[PDB]
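If you want the building blocks of each chain, they are given just below.
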Amino acid sequence: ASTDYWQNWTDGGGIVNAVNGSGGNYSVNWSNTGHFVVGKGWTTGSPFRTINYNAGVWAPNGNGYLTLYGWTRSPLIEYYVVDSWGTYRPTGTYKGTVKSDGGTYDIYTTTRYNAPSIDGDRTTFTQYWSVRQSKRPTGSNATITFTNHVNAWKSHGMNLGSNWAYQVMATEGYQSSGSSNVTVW
Ligand SMILES: *[C@H]1OC[C@@H](O[C@@H]2OC[C@@H](O)[C@H](O)[C@H]2O)[C@H](O)[C@H]1F
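Student: How would you sum up the UniProt feature "active site" in the protein? Please name residues and give values.
Tutor: Mapped onto this numbering, the UniProt entry annotates "active site" at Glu78 and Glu172. With the annotated positions falling across 95 residues, the maximum pairwise C-alpha distance of 12.9 Å places them together in a single cluster. Mapping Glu78 onto the fold places it in strand β7 (residues 77-85). On the basis of relative accessibility, which here comes to 7%, the residue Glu78 falls in the buried class. Aside from chain neighbours lying at most four places away, what touches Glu78 is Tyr69, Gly70, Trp71, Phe125, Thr126, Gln127 and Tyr128.

Student: Any chance you could break down the site of the ligand for me, citing the residues and the numbers?
Tutor: Around the ligand, the surrounding shell holds 15 residues, and the nearest of these are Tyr69, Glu78, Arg112, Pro116 and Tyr166. Measuring from an oxygen atom of the ligand, one finds a backbone N or O atom of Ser117 at 3.5 Å. Within the side chain of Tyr166, a nitrogen or oxygen atom sits 2.7 Å from an oxygen atom of the ligand. With the chains in place, 90% of the 410 Å² that the ligand exposes on its own is no longer accessible. The greatest single-element share of the shell around the ligand, amounting to three residues, is contributed by strand β9 (residues 103-117). For the shell around the ligand, the per-class residue count stands at nine nonpolar, four polar and two charged.

Student: Let's hear about the packing of aromatic side chains: which residues, and what values?
Tutor: We describe a pair of aromatic rings using the distance from one ring centre to the other and the angle between the two ring planes. According to the stated counting rule, one finds 17 aromatic pairs in the structure shown. Residues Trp30 and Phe36 carry aromatic rings whose centres are separated by 5.3 Å and whose planes lie at 55° to one another, so their mutual orientation is tilted. Neither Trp30 nor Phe36 differs from the other in exposure class; each is buried. Measuring from ring centre to ring centre gives 5.9 Å for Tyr65 and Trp129, while their planes differ by 90°; the resulting arrangement is edge-to-face. You can see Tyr65 sitting in strand β6 (residues 64-73) and its partner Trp129 sitting in strand β10 (residues 120-132), a full 64 residues away along the chain.

Cut-offs used in this document
- Residues numbered from 1 in each chain as written, not as in the entry; some residues may be left out.
- Heavy atoms only, no water.
- UniProt positions renumbered as here; feature names shortened; annotations may be inferred.
- Helix = DSSP H or I, 4+ residues; strand = E, 2+ residues; numbered from the N terminus.
- Buried < 20%, exposed > 50% of the residue type's maximum accessible area, 1.4 Å probe, protein only.
- Contact = heavy atoms within 4.5 Å.
- Near = heavy atom within 4 Å.
- Polar contact = N/O pair within 3.5 Å; in protein donor to acceptor, adjacent residues only side chain to side chain.
- Areas by Shrake-Rupley, 256 points an atom, 1.4 Å probe, with all protein chains shown as cover.
- Nonpolar A, V, L, I, M, F, W, Y, C, P; charged D, E, K, R; others polar.
- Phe/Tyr/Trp six-rings, centres within 6.5 Å; stacked < 30°, edge-to-face > 60°.

This is the structure:
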């Protein structure tokens, strides 16, 4: 699919050099950052979407995630399917596991209080996570069958909102540097 959305958020720390490339392609070169999330995807997420990507460069030098990333409202939820990371594997309150697309993911919840969201600078929301138990290889075509995650999350009382906002294959970083280049379809 053609991507129709460009995600490019930074809280303003350090430098985030985000390139909105051709088609579903983007690149990030980041340095000594605060918090940021950059990616390509779709303006309106769907629990039925199958996201394909190829991370031609996955080169974090510190804390970074290579992850499906998106939001719902009603309720406000930020969600993740993390396939790779840098120095630190993201974790939270363990709920169970789901197997999907050749990997086994732990299912976590965490919460943010008075934090930035699509609803404002200072808001409170639950974060839903599938995090691969070990890093997915990069450089070849990879699929995230998002419906497997949605259903597994439901089985653990993690229900997504009825109002879907954007849904992207992202590079997120925190207090780190690195490079990425990713193509999404
Ligand atoms: C998950 O990722 C980073 C941040 O989400 C941003 O919030 C502000 C909004 O305008 C952007 O589109 C989001 O990327 C959130 O605090 C964190 F929980």
